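What's counted below: heavy atoms across the whole structure, side chains too, no hydrogens, waters or symmetry copies. By convention in this document, chain letters (A, B, ...) are assigned in the order of the sequence lines, proteins followed by strands, and residues within each chain are numbered from 1.
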Amino acid sequence: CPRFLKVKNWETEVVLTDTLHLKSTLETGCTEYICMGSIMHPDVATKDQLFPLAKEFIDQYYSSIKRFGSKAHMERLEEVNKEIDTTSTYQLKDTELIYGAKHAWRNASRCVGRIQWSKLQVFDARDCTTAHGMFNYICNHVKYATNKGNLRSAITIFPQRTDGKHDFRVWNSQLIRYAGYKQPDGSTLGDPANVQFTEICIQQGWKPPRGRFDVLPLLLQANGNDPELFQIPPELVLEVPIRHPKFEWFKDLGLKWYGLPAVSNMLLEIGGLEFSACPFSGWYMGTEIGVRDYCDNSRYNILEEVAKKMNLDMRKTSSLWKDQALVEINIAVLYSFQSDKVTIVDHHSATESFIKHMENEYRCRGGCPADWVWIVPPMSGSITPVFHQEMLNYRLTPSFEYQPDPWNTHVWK
Amino acid sequence: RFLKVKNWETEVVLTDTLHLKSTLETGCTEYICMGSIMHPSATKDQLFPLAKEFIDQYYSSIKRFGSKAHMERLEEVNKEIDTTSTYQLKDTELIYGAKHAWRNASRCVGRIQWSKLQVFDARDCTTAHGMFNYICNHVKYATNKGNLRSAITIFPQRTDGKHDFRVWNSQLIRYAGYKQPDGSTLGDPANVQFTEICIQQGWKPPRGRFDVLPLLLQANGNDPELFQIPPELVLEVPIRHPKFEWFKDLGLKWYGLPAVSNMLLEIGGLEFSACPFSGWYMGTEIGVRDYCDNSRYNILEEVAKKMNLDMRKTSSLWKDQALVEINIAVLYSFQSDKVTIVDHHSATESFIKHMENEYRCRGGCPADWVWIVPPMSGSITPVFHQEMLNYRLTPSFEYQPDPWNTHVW
Ligand code: HEM
Ligand code: HEM
Ligand SMILES: Cc1cc(N)nc(CCc2cncc(CCCN(C)C)c2)c1
Ligand SMILES: Cc1cc(N)nc(CCc2cncc(CCCN(C)C)c2)c1
Ligand SMILES: C[C@H](O)[C@H](O)[C@H]1CNc2nc(N)[nH]c(=O)c2N1
Ligand SMILES: C[C@H](O)[C@H](O)[C@H]1CNc2nc(N)[nH]c(=O)c2N1
Ligand SMILES: [Zn+2]
């Protein structure tokens, strides 16, 4: 591959030069003959595979702390070696773990919020042994990160994978989601996306309130055991009721959302170690709720009802009635959240901040991988600066990765 | 391998077999994806297999593979490349190759129309004056008094690079951009440089906001020459809003005919360096990009004024609100003037049905998500949720250098 690749911003004519792609460790799905850039998703590591992966990460860590080739660098390397050789694995020091987590976020090509990458509270839960223990650790995460509305980004890292039969997993794809219930008549109450998961919870013994906005319990799996249900204390789940600054009727829609966005289904990869339960949280970009959660057809799908209360001509599509409502909805989302002093960023601010971030990363690190398809907001795309920004996408390690759904893989005891 | 593409709204899965038939690179590799890069990066021996394969797919597409018609044609092309280092397409082959370059255009959301293409063979052309006549007839035909019709005009192929036919205008119809003293820019800032080349060539500009640039036509490697399209041929739409009576007072208008004239049509290893093609507008091209891009007409702020919007924080989404109203007015104007136009909801809806057709009958449809998804209201259109595979099928429209960077006078 060529040593320097060039990206161009077509609005400002600014050109950036990427050398960091040279450090790419994983495949993208693309080949020279086909591009998968818009495909959403394109038993354990052996001693021989583990050795070079660990060394790679160790070198990189001591390179970050400006002690490359130092006595402590060679000593850490030999210790990790000795350990992989005797135990087929090794354990990260707390410093390495925190560095690894921060960088996994730094390398997350789909995340537009990465300007904040180095401010990340890391909770080491590697001593956890039970699901009740996971529940404790998670509750602490939530209360900390929520911070009464002034959100702070946090990750909680549970023990690494060992033999594959003793995985820690959060079954919830996100820590906080609303239930979805499928009626006999074919309609769906709640959040239709979560119908399968809700069903799982119900089977496990969850008594459903059958409402539009019922917070799902946690379904926690420790040490490869069957998962266990727990209810998050409602006092720990901060929510924002949606209202509109101009339209007083908007509040009559009975809408609300949760303040804390937190992913719990991904796998954290550091130095060849796999952390299968590593829930992380930041704060919301308005469009995530106002556009996707609310306006996707297989989600809350409120465009129609909102348009009606707006007295919009809805026979032609060229009236653009869908669009007009969308903007209002997203205004009401940012307004509710700010009025309740819960941290939220609009899509203009977030994308602007990301460009400055990207530019700085090219300047200091020789590149910044980015997935244009994910980075560009799902509304008003071209009036945000990222739309006109060329981006190279490649996978750096440490990383957050996808993993199969646990209910597809679990061997029920 | 057979690849699957999933729409994440309907859960429809399509199996792509077509991609196995491609041979041009996309620029990506296993480790680096360049799907958001806009411009990623012929002898007798080179030319023949290219020629061979294309004749092969033509006789395959018309169900006469192995026929004597097929055989002779293969022998005919052989002898002609042999003795002239090039070869000439049959008319039927020209029309197929044009329609199929459109069909293979991964960046075009309009492809459901691909087989309804009017093809004007201008390969007998020899002078700029010729090109100008051919182009005027194109324009008049395709405009059709508002009921637009897809057209392409194809000039003589490349032979030796030194005798290239080129339309210097990136598009057939665009407005002039003027660089003011005070540093502001009049007209369309994107054309500023070209506008000034035209002036430097003898063009007397009216220095207004919407001045139709003249045609700059290069024939057979020669210096390009200026020609003004007759005004009566250039259909234009005044932009008014249905509810906002003040919108007319913004003084906005656009041309009704979108016609790309800077690309290269490639067929059977032949290079048609001059091949303007035209269609009709999707409303967002004008309403979003042309008008609201900071580097273009940049009307967003001015519009936001007249809507009496709070423009202090971005979180008031005032830019968004003004944008939707601009695009309503555009659609509304064209429609009121019986000028053909498609809204991005219908356009994207059409593209999805087209993808179904292509998978059903052809085993896939190359598509560039970055270009297919409209520049506004992305996820409330069907294609945002549609996985698409991009790959390069031939015949194709490729980019080419700007002529004012390679032409010797
Ligand atoms: C601090 C403020 C943050 C903001 C404003 C932000 C913003 C976003 C947005 C808008 C998305 C797209 C989400 C979607 O459409 O599903 C996203 C995705 C993502 N973010 Fe961030 N994020 C933040 C924090 C974090 C943190 C703390 C981490 C990890 C430590 C992270 C890693 C990721 C990853 C891995 C994805 C991909 C999600 C997926 O593949 O499903 N982000 N982020
Ligand atoms: C008939 C109705 C058509 C519609 C609604 C349509 C729609 C569009 C749109 C919206 C774009 C993006 C334009 C931009 O962002 O600059 C595009 C690109 C494109 N179209 Fe179509 N188009 C149509 C006809 C055609 C025809 C007749 C051809 C060729 C014979 C064609 C070939 C292409 C190509 C090659 C591109 C890529 C342009 C580039 O690379 O800059 N289209 N189309
Ligand atoms: C760290 C982080 C920050 C942020 N702004 N958003 C996220 C994703 C938030 C999120 C919350 N509830 C539900 C979802 C579902 C997304 C569904 N996608 C994967 C199809 C996503 C994560
Ligand atoms: C065939 C065709 C159909 C269509 N609907 N749009 C187009 C684009 C036409 C077009 C007209 N004037 C100006 C432009 C500028 C494009 C600017 N891009 C290249 C940066 C483009 C072409
Ligand atoms: C098909 C396509 O890849 C898919 O709909 C993507 C598009 N871009 C996205 N971007 C973000 N941030 N989140 C998403 O879920 C998606 N979905
Ligand atoms: C950076 C990116 O490649 C560039 O801005 C592209 C994005 N998608 C686009 N899509 C269309 N239809 N037209 C464009 O000009 C662009 N520009
Ligand atoms: Zn790619």
Side-chain angles (χ1 to χ4, degrees), chain A residues 33-40 297-298 317, chain B residues 1-22 24 26 54 56-65 92 95-119 148-152 265 267 277-282 284 340-374 378 380-397:
Chain A
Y33 273 2
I34 191 158
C35 165
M36 311 222 167
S38 71
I39 302 293
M40 207 180 305
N297 286 317
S298 69
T317 65
Chain B
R1 311 171 47 171
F2 296 63
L3 304 167
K4 322 268 186 199
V5 292
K6 183 171 170 176
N7 168 277
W8 288 91
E9 180 206 347
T10 75
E11 311 229 64
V12 170
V13 170
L14 304 180
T15 295
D16 194 292
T17 66
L18 183 56
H19 70 261
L20 310 162
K21 261 103 282 296
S22 65
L24 303 194
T26 57
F54 162 84
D56 281 12
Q57 71 166 251
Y58 173 74
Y59 281 93
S60 182
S61 48
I62 75 176
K63 301 169 176 182
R64 311 210 70 75
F65 193 95
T92 54
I95 305 157
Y96 172 82
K99 289 180 176 187
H100 278 243
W102 187 7
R103 195 187 195 189
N104 293 344
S106 70
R107 289 187 165 167
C108 177
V109 76
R111 275 174 289 159
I112 193 182
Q113 285 284 329
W114 81 266
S115 76
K116 276 139 279 167
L117 181 60
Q118 178 58 30
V119 172
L148 305 228
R149 305 183 285 199
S150 295
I152 190 179
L265 169 57
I267 301 172
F277 54 85
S278 67
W280 54 78
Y281 265 121
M282 188 170 76
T284 53
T340 297
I341 195 174
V342 64
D343 71 72
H344 54 280
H345 304 292
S346 178
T348 55
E349 198 178 69
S350 71
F351 189 73
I352 293 294
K353 167 65 176 178
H354 174 60
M355 273 191 62
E356 286 185 16
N357 297 334
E358 291 301 72
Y359 277 78
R360 211 170 298 147
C361 80
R362 198 196 187 192
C365 171
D368 180 330
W369 193 98
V370 174
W371 278 63
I372 304 296
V373 171
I380 66 162
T381 63
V383 294
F384 181 97
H385 312 261
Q386 181 65 48
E387 285 178 345
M388 306 168 185
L389 288 166
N390 199 9
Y391 47 91
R392 178 95 63 67
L393 300 178
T394 246
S396 30
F397 295 104

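Counting heavy atoms from C-beta on, the side chains of B:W369 and B:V383 never come closer than 4.5 Å. Put simply, the side chain of B:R392 does not reach to within 4.5 Å of the side chain of A:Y33, judged on heavy atoms. Contact check for B:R111 versus B:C365: side-chain heavy atoms found under the 4.5 Å cut-off. B:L393 places a side-chain heavy atom less than 4.5 Å from the side chain of B:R362. Counting only heavy atoms from C-beta outward, the side chains of B:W280 and B:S150 approach each other to under 4.5 Å.
The aromatic rings of B:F54 and B:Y96 sit tilted, their planes meeting at an angle between 30° and 60°. Taking the six-membered ring where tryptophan is involved, the planes of B:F277 and B:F397 are tilted, since the angle between them lies from 30° to 60°.
Atom CG of B:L117 sits about 12.5 Å away from atom CZ of B:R149, to the nearest 0.5 Å. Considering NE2 of B:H100 and OG1 of B:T394, their distance stands at 12.5 Å, rounded to 0.5 Å. With values rounded to the nearest 0.5 angstrom, B:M282 atom CE is found 9.5 Å from B:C108 atom SG.
Heavy atoms of other residues, nucleotides or ligands lying less than 6.0 angstrom from CZ of B:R360 number more than 12.
Taking all atoms of both residues into account, the shortest heavy-atom contact from B:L18 to B:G364 is CD2-O, 3.3 Å. Nearest heavy-atom pair across B:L148 and B:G279 is CD1-O, 3.3 Å. Across all their heavy atoms, B:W102 and B:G110 have their closest contact at CZ2-O, 3.9 Å. The minimum heavy-atom distance between B:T26 and B:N390, with the atom names listed, is CG2-O, 4.2 Å. Looking at every heavy atom in both residues, B:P374 comes nearest to B:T381 through CD-OG1, 3.7 Å. When every heavy atom of B:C361 is checked against every heavy atom of B:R103, the shortest pair comes out as SG-NH2, 3.8 Å.
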Q: Test B:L389 against A:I39 for side-chain contact (heavy atoms from CB on, under 4.5 Å), laying out the working first.
A: CA-CA 8 Å; B:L389 288 166; A:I39 302 293; 4.3 Å; yes

Q.
Using side chain to side chain donor-acceptor pair (under 3.5 Å), reason through B:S396 and B:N104 one step at a time and then give a plain yes or no.
A. CA-CA 6 Å; B:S396 30; B:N104 293 344; 6.0 Å; no

Q. Please walk me through it: do B:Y391 and B:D16 pass side-chain contact (heavy atoms from CB on, under 4.5 Å)?
A. CA-CA 11 Å; B:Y391 47 91; B:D16 194 292; 2.7 Å; yes

Q: With side-chain contact (heavy atoms from CB on, under 4.5 Å) as the test, would you mind laying out the steps for B:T92 and B:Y58 before giving the verdict?
A: CA-CA 9 Å; B:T92 54; B:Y58 173 74; 3.4 Å; yes

Distance-only donor-acceptor hits, side chain of residues 347-355 of chain B, under 3.5 Å, sequence neighbours excluded:
{"residue": "B:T348", "atom": "OG1", "partner": "B:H344", "partner atom": "O", "Å": "2.6"}
{"residue": "B:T348", "atom": "OG1", "partner": "B:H345", "partner atom": "O", "Å": "3.2"}
{"residue": "B:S350", "atom": "OG", "partner": "B:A347", "partner atom": "O", "Å": "2.3"}

Donor-acceptor list for residues 2-9 of chain B side chains, cut-off 3.5 Å, not counting sequence neighbours:
{"residue": "B:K4", "atom": "NZ", "partner": "B:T15", "partner atom": "OG1", "Å": "3.3"}
{"residue": "B:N7", "atom": "OD1", "partner": "B:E9", "partner atom": "N", "Å": "2.8"}
{"residue": "B:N7", "atom": "OD1", "partner": "B:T10", "partner atom": "N", "Å": "2.6"}
{"residue": "B:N7", "atom": "OD1", "partner": "B:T10", "partner atom": "OG1", "Å": "3.1"}
{"residue": "B:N7", "atom": "ND2", "partner": "B:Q386", "partner atom": "OE1", "Å": "3.4"}
{"residue": "B:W8", "atom": "NE1", "partner": "B:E387", "partner atom": "OE2", "Å": "2.9"}
{"residue": "B:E9", "atom": "OE2", "partner": "A:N297", "partner atom": "ND2", "Å": "2.7"}

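Taking the salt bridge (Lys or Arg N to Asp or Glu O under 4.0 Å) definition, one finds that B:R107 meets it with B:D368, sequence neighbours left out.
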